[PDB]
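J.:
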DNA sequence: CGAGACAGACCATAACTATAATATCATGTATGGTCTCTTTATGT
DNA sequence: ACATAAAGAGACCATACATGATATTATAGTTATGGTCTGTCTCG
Ligand SMILES: Nc1ncnc2c1ncn2[C@@H]1O[C@@H]2COP(=O)(O)O[C@H]3[C@@H](O)[C@H](n4cnc5c(N)ncnc54)O[C@@H]3COP(=O)(O)O[C@H]2[C@H]1O
Ligand SMILES: Nc1ncnc2c1ncn2[C@@H]1O[C@@H]2COP(=O)(O)O[C@H]3[C@@H](O)[C@H](n4cnc5c(N)ncnc54)O[C@@H]3COP(=O)(O)O[C@H]2[C@H]1O
């Protein structure tokens with residue numbers, strides 16, 4: 013709505029529209045500023061309320077003054093001087109980067125804080141107890157060479173409730189401990205084969 | 010995840026955990042809704058969705074019976090292969106990277122934009138005044154610096170048009186020949202003083 | 008973070024169990040003990056107790072009461088609760104940042120549209136329009152007079168006016184002094200504008 | 008990025024004027040001439056001629072037609088239109104970029120929301136759950152077997168399975184080989200997970 | 001010199017369109033409610 | 001000591017108070033096609 017006002021103010025102040033001659037029709041005015049008759053009349057009423065034009069005759073209006081349009085354009089340019097717009101857009105994009113940095117550090121803190129865990133049911137730890145007598149008891153996982161012998165990967169050993177994960181080749185499985193491991197049904201059977209718990 | 014999915018995945022997880030046996034009968038809709046913080050309608054929709062996958066059976070207006078664990082297990086494997094945290098971790102990192110690339114593109118765009126603009130102001134108090142030094146003056150045939158224009162008249166010369174060729178920001182050396190057009194800034198008083206110096210009244 | 012009444016009851020009962028105030032063998036009552044204790048409605052209290060019993064924290068027998076079952080399960084449930092609450096708080100803060108950034112997006116869009124309007128309205132300006140630089144940044148040249156700077160000889164620019172506190176000092180002369188944040192209006196060409204920009208550190 | 012028919016008429020007529028085929032003092036009709044050439048209605052052609060004459064290029068006279076006035080004004084109008092077109096296409100590009108940013112932003116919002124679902128699902132997931140590592144970056148350790156790497160001695164981790172092409176190699180053993188982009192599943196504690204992360208070059 | 005025809009401009013309406021507001025529906029929670037089951041007390 | 005009856009508590013349920021989101025409708029908007037009237041030019 014203010015676009016038509018500033019355009020007609022520029023045209024009046026330029027001297028193309030001198031004070032005496034009548035204004036163009038609202039149709040031509042609307043067509044020139046790529047706007048429509050409805051906006052046009054709204055802008056003309058605004059400009060009239062600024063005591064710069066009088067809309068008394070439907071065919072056109074007689075321009076009342078020139079310095080008033082100059083003053084209105086001065087106020088608008090003081091509000092909108094391009095350079096002030098350049099400062100505003102630069103500050104605004106610096107702000108843009110500020111919120112992006114804040115969001116980046118937030119998401120980075122979130123990312124580092126959380127530990128990723130899985131839920132694939134195929135790979136659930138089966139728990140088995142080694143109460144039965146075995147020559148394989150009193151021996152280290154590395155000593156028994158578990159995987160080549162049974163195909164099992166030991167995930168944890170429960171001795172007197174002392175749960176230990178990723179046991180390595182040194183941990184020794186005592187009698188009556190609970191061995192937790194992965195593999196398929198065949199691997200589970202082989203583990204019961206090695207320990208004779210089947 | 011659909012609102013009519015959270016309930017399905019939660020119920021399937023509880024079934025797979027072993028809380029509900031095959032012969033066991035499920036609780037009421039409002040029980041599930043209260044335990045999973047949803048409305049009874051949404052819980053019912055989720056139960057219907059799960060029954061469409063035939064983990065659950067519906068032979069009663071409100072009752073339901075556990076049917077098979079392995080099918081629910083497969084449903085969990087599908088859901089995990091679609092959402093397993095680590096894959097979401099990769100997505101949340103890649104989306105941040107893509108947004109940073111978009112911001113860099115925007116920064117380059119706006120920088121090129123500002124470089125291309127190079128715009129001037131439109132101040133009406135800054136409007137120039139065109140005078141014609143056609144009249145004889147001792148001040149003709151002299152350099153702006155030689156005349157010392159500002160102290161003498163208060164005017165700041167912005168341009169000396171020589172037969173169409175403007176000399177903007179002319180400096181102290183440019184010499185104003187007779188009949189040239191001097192363009193300058195100042196107030197009405199300054200314009201009068203300039204006409205005083207050049208006797209163009 | 009806004010939650011539900013029965014959620015605030017459930018977590019409170021979980022902390023009470025963790026505190027050890029309620030014995031493992033005590034039989035509590037949702038209709039009278041819990042409801043009277045936390046001044047909440049009959050079914051609300053029950054909802055909380057059912058949430059606890061889902062996690063095997065409590066056992067709910069029809070017509071009898073809730074019975075304490077486990078301690079470490081309650082501790083684990085509590086810890087999961089703080090983890091989920093932290094995740095939700097971070098989600099809310101992210102959402103606030105997101106809304107602010109979207110609003111700043113529309114702000115930038117409106118600023119660009121207004122600049123397009125200004126650029127289109129240039130057709131009716133007066134010829135020989137002076138340029139305008141705002142000296143926001145600091146340069147040794149600040150706090151000096153035009154004459155001390157010898158501006159035309161440094162940059163090729165002829166200053167037509169300087170803006171300080173919304174006042175335009177048209178036709179400045181030598182004694183006039185450039186100050187930080189002011190708008191300097193000057194005539195010249197593309198080379199002159201670039202030279203002035205380099206000179207003022209901007 | 009789009010314009011009106013009368014704007015196109017005005018710019019085309021201005022370019023044709025700049026070509027110089029029309030005289031500096033030539034007269035032209037509209038309803039039976041410019042309208043027919045561009046296959047456009049008489050009033051849109053009038054609109055185009057009115058916007059062209061508004062900047063003091065042409066003069067339309069009631070029931071007389073138009074007369075050519077200025078060349079330099081036409082050139083200036085062409086320059087102004089080029090600048091306006093550049094500004095408009097830049098505006099369109101900015102709008103497209105912001106829309107893409109907003110769509111990606113909602114995507115991020117939903118993605119971080121779904122973490123609430125995964126965290127709430129943790130309460131009922133089976134104990135001793137292994138971790139999950141996606142080896143997307145390149146490490147010298149890639150293309151080697153678990154046994155060659157001697158993984159447990161390097162990181163403290165026990166690998167329970169590796170995912171290649173949506174296939175999980177449960178209970179891998181030594182000959183199994185880690186490949187780029189695969190998911191490595193392993194048991195351990197916080198220290199073990201951090202060690203594995205440092206080893207595979209994946210902050 | 002007068003009359004008729006053609007062209008242009010202005011007043012106008014309709015169609016293609018987008019945005020903004022309001023209403024309705026769904027997801028939700030809490031409270032009031034009713035019915036069933038279990039436990040305790042009293043009577044035979 | 002055993003059986004029956006009554007009371008209390010818990011669970012399943014529905015409705016109302018509520019808020020948020022989505023969809024639809026209306027209004028503001030602009031452009032194009034339209035018609036009528038007036039003015040100017042050409043021809044008789
Ligand atoms: N508005 C301005 N824009 C750009 N630079 C400015 C300026 N005002 C002052 N300066 C610079 O300061 C120097 C001294 O200016 P001052 O006004 O004392 O002394 C000036 C002035 O009295 C006069 N003068 C020069 N050009 C003038 C002009 N366009 N209008 C009015 N007077 C001018 O000649 C003297 C020497 O001028 P010179 O150019 O050698 O040297 C100038 C110039 O380099
Ligand atoms: N799934 C896995 N996770 C982590 N690291 C793995 C691994 N598979 C192999 N490695 C690493 O490679 C080395 C050789 O493994 P390999 O299977 O040939 O030879 C192994 C294996 O036959 C057996 N073994 C050790 N731990 C085992 C276990 N938990 N389960 C089954 N067998 C095991 O003892 C041998 C020596 O074991 P060590 O730990 O000294 O050395 C191991 C280990 O450092």
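Chains as they are written, first to last, in the entry's author numbering: chain D, 13 to 210; chain C, 10 to 210; chain A, 8 to 209; chain B, 8 to 210.
Virtual Cβ for every residue (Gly too), placed ideally from N, Cα, C.
1. With DSSP as the reference, please indicate the residues paired to residue 168 of chain D in a beta bridge.
2. DSSP has residue 65 of chain A in a bridge; who is on the other side?
3. Specify the secondary structure class of residue 36 of chain A as computed by DSSP and reduced to three states.
4. Give me the Cα-Cα distance between residue 4 of chain B and residue 123 of chain C, rounded to the nearest whole angstrom.
5. For residue 99 of chain D, return the contacting residues in chain A, with the cut-off set at a CB-CB distance below 9 Å.
6. Looking only at its own chain, which residues have a Cβ that is under 7 Å from the Cβ of residue 183 of chain A, when we skip the five neighbours before and after it?
7. Could you name the residues of chain B that residue 61 of chain D contacts, counting a contact when the two beta carbons are closer than 9 Å?
8. For residue 190 of chain B, count neighbouring Cβ atoms within 10 angstroms of its own Cβ and tell me buried if that reaches 16, exposed if not.
9. Going along the chain, which residues of the stretch 116-150 of chain D sit with their C-beta nearer than 9 Å to a C-beta in chain C?
10. With a threshold of 9 Å between beta carbons, is residue 179 of chain D in contact with chain B?
11. Return yes when the Cβ of residue 115 of chain A is within less than 9 Å of the Cβ of residue 41 of chain D, no when it is not.
12. Report whether the distance from the Cβ of residue 160 of chain B to the nearest heavy atom of ligand 2 is below 8 Å.
13. With a threshold of 7 Å on Cβ separation, who are the neighbours of residue 161 of chain C within its own chain once the five nearest residues in sequence on each side are excluded?
14. Name the residues in the stretch 103-114 of chain A whose C-beta lies less than 7 Å from a C-beta of chain D; which are they?
15. Taking 8 Å as the cut-off, is the CB of residue 207 of chain A close to at least one heavy atom of ligand 1?
16. Return the CA-CA distance between residue 158 of chain B and residue 165 of chain B, expressed in angstroms with no decimal places.
17. Taking Cβ positions only, does residue 205 of chain C come closer than 9 Å to chain A?
18. According to the neighbour-count rule (16 or more other Cβ atoms, all chains shown, within 10 Å of its Cβ), is residue 29 of chain C buried or exposed?
19. Quick one: does the C-beta of residue 185 of chain B sit closer than 8 Å to a heavy atom of ligand 2?
20. Give the secondary structure of residue 151 of chain B by DSSP, where H, G and I count as helix, E and B as strand, and everything else as coil.
21. Tell me the rounded alpha-carbon separation between residue 22 of chain D and residue 8 of chain A.
22. Comparing the C-beta of residue 42 of chain D with each C-beta of chain A, is any distance below 9 Å?
23. Name the chain B residues whose beta carbon is nearer than 8 Å to that of residue 91 of chain A?
24. Per DSSP, which one or two residues make a beta bridge with residue 82 of chain A?
25. So is residue 57 of chain A buried or exposed if we call it buried at 16+ other beta carbons inside 10 Å?
26. Going by the C-beta, is residue 55 of chain B closer than 8 Å to any heavy atom of ligand 1?
27. If we cut at 9 Å on Cβ distances, does residue 17 of chain C have a partner in chain D?
28. Contact defined as beta carbons within less than 8 Å: I believe residue 167 of chain B pairs with residue 137 of chain B. What is the distance between those atoms, to the nearest angstrom?
29. Identify which residue in A:31, A:32 and A:50 has its Cα closest to the Cα of residue 38 of chain A.
30. What residues of chain A sit near residue 192 of chain C, judged by a beta carbon separation below 7 Å?
31. Check whether the Cβ atoms of residue 109 of chain A and residue 109 of chain B sit closer than 9 Å, and answer yes or no.
32. So, using beta-carbon positions, are residue 52 of chain A and residue 75 of chain A closer together than 9 Å?
33. Which value, in whole angstroms, describes the spacing of the CA atoms of residue 18 of chain C and residue 85 of chain C?
34. Measuring straight from C-alpha to C-alpha, what distance separates residue 73 of chain D and residue 125 of chain A?
35. Would you mind telling me which residues of chain A sit closer than 7 Å to residue 165 of chain C, beta carbon to beta carbon, in chain order?
36. So, using beta-carbon positions, are residue 187 of chain A and residue 145 of chain A closer together than 9 Å?
T.: On the basis of the data shown:
1. On the first chain, residue 168 of chain D is found 156 positions in, with the first residue counted as 1. DSSP, once it has assigned bridges, lists D:177 and D:192 as partnering residue 168 of chain D.
2. Sequence index remark: in the third chain, residue 65 of chain A carries index 58 (1-based). According to DSSP, residue 65 of chain A bridges with A:75.
3. Walking along the third chain from the start, residue 36 of chain A turns up at place 29. Residue 36 of chain A falls in the coil class under three-state DSSP.
4. It is not possible to answer for residue 4 of chain B, since the shown part of chain B is limited to 8 through 210.
5. For the purposes of this step, residue 99 of chain D is identified with residue 87 of the first chain, where counting begins at 1. Ordered by position in chain A, the residues that pass the 9 Å Cβ test against residue 99 of chain D are 141 and 143.
6. Within the third chain, residue 183 of chain A is the residue found at index 176, counting from 1. For residue 183 of chain A, where only same-chain residues beyond five positions count, the Cβ hits under 7 Å are 152, 153, 169 and 176.
7. Position 49 of the first chain holds residue 61 of chain D. Residues of chain B passing the Cβ test: none, with the nearest at roughly 25 Å.
8. Your numbering for residue 190 of chain B matches position 183 in the fourth chain. Burial call: buried.
9. 116, 119, 120, 122, 123, 126, 128, 129, 130, 131, 132, 133 and 134
10. What you label residue 179 of chain D is simply residue 167 of the first chain in a count that begins at 1. It does: the Cβ of residue 179 of chain D has a partner Cβ on chain B nearer than 9 Å.
11. Your numbering for residue 41 of chain D matches position 29 in the first chain. Your numbering for residue 115 of chain A matches position 108 in the third chain. No, the Cβ-Cβ distance between residue 41 of chain D and residue 115 of chain A is not below 9 Å.
12. As a first step, residue 160 of chain B is located in the fourth chain; it is residue number 153 there, counting from the start. Yes.
13. Here residue 161 of chain C refers to the residue found at position 152 when the second chain is read from its first residue. Once the five neighbours on either side are set aside, the close Cβ partners of residue 161 of chain C are 206.
14. 104, 107, 108, 111 and 114
15. Mapped onto the third chain, residue 207 of chain A falls at position 200. The answer is no for residue 207 of chain A.
16. Residue 158 of chain B sits at position 151 when you count from the first residue of the fourth chain. Residue 165 of chain B sits at position 158 when you count from the first residue of the fourth chain. So the alpha carbons of these two residues sit roughly 8 Å apart.
17. Position 196 of the second chain, counting from 1, holds the residue named residue 205 of chain C. No, its Cβ sits nowhere closer than 9 Å to a Cβ of chain A.
18. Walking along the second chain from the start, residue 29 of chain C turns up at place 20. Its Cβ being crowded by 16 or more others within 10 Å, residue 29 of chain C is buried.
19. As a working note, residue 185 of chain B is residue 178 in the fourth chain. Result no, Cβ not under 8 Å from ligand 2.
20. Locating residue 151 of chain B in the fourth chain gives position 144, where the first residue counts as 1. Looking at residue 151 of chain B - three-state DSSP - the assignment turns out to be coil, as it is neither helix nor strand.
21. The sequence position of residue 22 of chain D within the first chain is 10, counting from 1. The sequence position of residue 8 of chain A within the third chain is 1, counting from 1. Residue 22 of chain D and residue 8 of chain A: Cα-Cα distance of roughly 55 Å.
22. To locate residue 42 of chain D, count along the first chain from 1; it is residue 30. Closer than 9 Å: no.
23. As a working mapping, residue 91 of chain A is identified with position 84 in the third chain. The answer, in chain order, is 123, 126 and 127.
24. The residue you call residue 82 of chain A lines up with position 75 of the third chain. Residue 82 of chain A pairs with nothing; no bridge assigned.
25. For the purposes of this step, residue 57 of chain A is identified with residue 50 of the third chain, where counting begins at 1. Per the 10 Å Cβ criterion, buried.
26. Position 48 of the fourth chain, counting from 1, holds the residue named residue 55 of chain B. It does not: the Cβ of residue 55 of chain B is nowhere closer than 8 Å to a heavy atom of ligand 1.
27. In the second chain, counting from the first residue as 1, residue 17 of chain C sits at position 8. Not closer than 9 Å to any Cβ of chain D, the Cβ of residue 17 of chain C fails to qualify, so no.
28. As a working mapping, residue 167 of chain B is identified with position 160 in the fourth chain. As a working mapping, residue 137 of chain B is identified with position 130 in the fourth chain. That pair is a contact at about 5 Å.
29. Residue mapping note: residue 38 of chain A aligns to position 31 of the third chain, counting from 1. That would be A:50, whose Cα lies nearest to the Cα of residue 38 of chain A.
30. Within the second chain, the letter at position 183 stands for residue 192 of chain C. Result: 135.
31. Mapped onto the third chain, residue 109 of chain A falls at position 102. Mapped onto the fourth chain, residue 109 of chain B falls at position 102. Going by C-beta atoms, residue 109 of chain A is nearer than 9 Å to residue 109 of chain B.
32. As a position in the third chain, residue 52 of chain A is number 45, starting the count at 1. As a position in the third chain, residue 75 of chain A is number 68, starting the count at 1. Result no, Cβ atoms of residue 52 of chain A and residue 75 of chain A do not sit closer than 9 Å.
33. The sequence position of residue 18 of chain C within the second chain is 9, counting from 1. The sequence position of residue 85 of chain C within the second chain is 76, counting from 1. Each residue's alpha carbon lies about 7 Å from the other.
34. Here residue 73 of chain D is taken as the residue at index 61 of the first chain, counted from 1. Here residue 125 of chain A is taken as the residue at index 118 of the third chain, counted from 1. Between residue 73 of chain D and residue 125 of chain A, the C-alpha separation is close to 26 Å.
35. As a working note, residue 165 of chain C is residue 156 in the second chain. In chain order: 165, 167 and 178.
36. For the purposes of this step, residue 187 of chain A is taken as residue 180 along the third chain, with counting starting at 1. For the purposes of this step, residue 145 of chain A is taken as residue 138 along the third chain, with counting starting at 1. In this structure, residue 145 of chain A lies closer than 9 Å to residue 187 of chain A by Cβ.
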